[PDB]
Structure formats: C-alpha cells, structure tokens
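Take a look at this one chain, the form deposited in one PDB entry, written out in structure tokens.
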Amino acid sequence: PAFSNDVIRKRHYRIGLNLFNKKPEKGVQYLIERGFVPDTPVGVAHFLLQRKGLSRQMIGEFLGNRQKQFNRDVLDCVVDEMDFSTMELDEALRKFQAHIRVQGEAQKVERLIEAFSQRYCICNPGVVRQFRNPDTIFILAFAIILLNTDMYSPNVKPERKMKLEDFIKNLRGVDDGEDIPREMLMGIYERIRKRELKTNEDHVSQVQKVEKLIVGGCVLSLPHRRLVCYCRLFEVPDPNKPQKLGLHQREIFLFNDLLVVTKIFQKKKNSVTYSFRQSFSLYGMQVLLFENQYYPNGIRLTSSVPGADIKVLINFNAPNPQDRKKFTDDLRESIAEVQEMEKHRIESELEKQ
C-alpha cells in the first residue's frame, strides 16, 4: 500500500528535490529513505530522466561522479536507455545532451563523455570506418561540446567565435598524428551551425526567464530555486490610512525560498519588464491577514525571528479575496518548506562527527 499524497507528503518530496539540487548524493538518499524512489540504480536512473524539479546541472554532477559505485551504475542504466545506432557522433550527442547537460566540473564532464562515447561505440559496430586510435572518439566528442558552447555563447563575441577552418585546424593531427577526415568535421560543424545542442528545460530555465525581465533581482537562478507563484498585489505603506484602489501596484514573484517584489518598468504591446524593489528570505517570516475600513484583502508580512523582536516587513492589499487566499496559502507552505530545510541543514552537526 502506497502513502497518500497529502500536503506534508508532497512537502517532503519537494524537500528531497531541494536537497538533490544542492547536494545530489544527499537528495537521492533522502528520496530513497522516504520511499519516493526505489533503492536500485535503474529506479534512480528512470527517476532522474523523467521527474520534474531536478536541475539538469545537478543531474550531470550526480551522474558524472566516478567515485561511487552507485552513481556509476545509475549512469550505466541511463545510457543503456539511449539508442545511438546509425547516426553521426554529433547527432548522438544531441540526444544525450537533451537530457543531460554536459557542462560543469572537468572531471564530471570527462566521465559523462566517457560513458556517452562507450555507448555510441556499442551502438555502432556496423561503422567499418575507424580512427587509428580508438580513443579519438572521446576527443572529437569533447570538441563537439566545446564548439557548440563557443558558437552559441553570449560571452564570446561573433568575430572571435570559432569558424569552420578554426574548428578543423584545432583538431590537426589528433588521431595518432593524422587528422580526422575533413568531410566528417565539415558535416559536424554545419549541423551544429544549423541547430544548437540544447538541453531540455528545467525549473532553472523558468527562473532565468524571469531574471532577464528584471532590472536591478537579476541573479536568482540558483540550481535549487523554483518559481512558485506570480501575483499582482498593491503595496500599503500605512494600513491605517486610505489610498486609491490601483495605487502602488506590485508584481510579486514567489520562489520556493525567496519573495521578490517588483514594479512594472516598461509595458509594450505584450512584453513587459520589471524594476527590482526588494526581496525577503522566507526563514522566520510570518503571514498575517487583515481587513479594516480601508482594505478588505490586507496582507502583512513580519520577520518574527530572533535577535531583536517582531518586525514588520511589508503590507499589501490583494485585488480580491481569492487572490489573497491563494497567495498566502502558497507563501505559508513555502515558509514551512524552508523551515524544514533549515532543520535539515542543521545536520552539519553530524559532519562534526
């Protein structure tokens, strides 16, 4: 019999994902101990490839760890689900990169390229053409990753990006003194030029979209951060004084561990940009609902943490009672999630044996 899907059970599933997105080995252990994923390599492999809320960066960091038997067994199950038969190396890399971001720490990238290349070779025994050194496959696979990053980097300016002859020249003599066939490198370059090797989006992609629309607020897309709710509220400087109904309009972005307050900067036909005003940590935050003669859907946020005493952070009035309920319910839940995360992070007492 399975455990029902209540609010607390869903919260600890999210806690498991949060822990994975900060320290992958801890998150996997947490999800296994709670019964959310079987304690097998195949179970974790299918979990990592199918479940939302997992950072593509952190999936790569877990799978790229060659120092633990479990992680290596999971990566074996991962690549064994992929078919690279009768396709070119870059075409197989495109399929691999769609699920796993092949970027990060060098030792993790090497391990990911190693398992990829080994699977590509087992999938293509019918290709009678071979390099003089079999290890040349690993080199070309690296070169494809680096070209894709170079060609579609917003940090390398166009005039200095790698051109066709630059890609070819850099690989000169790499196959035991001789070069890889020119026609092969030309075909790889052209296919990459036509379509960037993109990884499937995750929750971090959503935060990056919001980030670019906010002008400082601009750097929010940490691997564990997830957008929960976008809500329009009206700021209330003084709840004991009236104000016009549409005044102090704010566009609020609630994340799983952070509350961001903005105001519209520019509104065109459809596009919109925002000006960052302030952000608040959810730890020790309390949510109060109020109503008086001036505001029927009031919200008051306080910082009931230690140090000093209770402090008022900000007041709002929602446009209607349903918006206040939905926003405050999600904020309260995220606050509860963070407090459990802080209790778990206090585990570092375990680290100090």
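Start at 1 with the first residue shown and count on from there. Whichever C-alpha set is largest while still superposing within 1.5 Å between the two forms counts as the rigid core.
Per the record, residue 216 and residue 217 are separated by 10 or more deposited residues that have no coordinates. For the two regions 138-146 and 176-184, the entry's Cα B-factors average higher over 176-184. For the pair 90-98 and 262-270, the mean Cα B-factor is higher in 262-270. Highest C-alpha temperature factor among 72, 244, 160, 119, as the PDB entry reports it: 160.
As recorded in the entry, 152 carries the highest CA temperature factor of 253, 152, 189, 280. Annotation for residue 322: C-alpha temperature factor in the middle third relative to the rest of the modelled chain, per the entry. Per the PDB record, residue ranking by Cα B-factor puts residue 311 in the highest third of the chain. When the modelled residues of the chain are ordered by C-alpha B-factor, residue 302 sits in the highest third. In this PDB entry, the Cα temperature factor of residue 342 sits in the top third of its chain's modelled residues, the highest group. Ranked within its chain, residue 39 lands in the highest third, by CA B factor from the PDB record.
Quick note: we don't show the form deposited in another entry, though the next part is all about it.
Of the residues 259, 79, 228, 162, exactly one exceeds or equals a 2 Å C-alpha shift between the shown form and the other one once the rigid core is aligned, and that residue is 162. Residue 283: CA moves less than 2 Å between the shown form and the other one after rigid-core fitting. For residue 198, the Cα coordinates differ by under 2 angstroms between the shown form and the other one after the core has been superposed. In a rigid-core overlay of the protein, residue 268 has its C-alpha displaced by under 2 Å between the shown form and the other one. Inter-residue distance, residue 117 to residue 128 (Cα): reduced by at least 3 Å in the other entry versus the depicted form. Between residue 80 and residue 128, the C-alpha separation shrinks by 3 Å or more in the other entry, relative to the conformation displayed.
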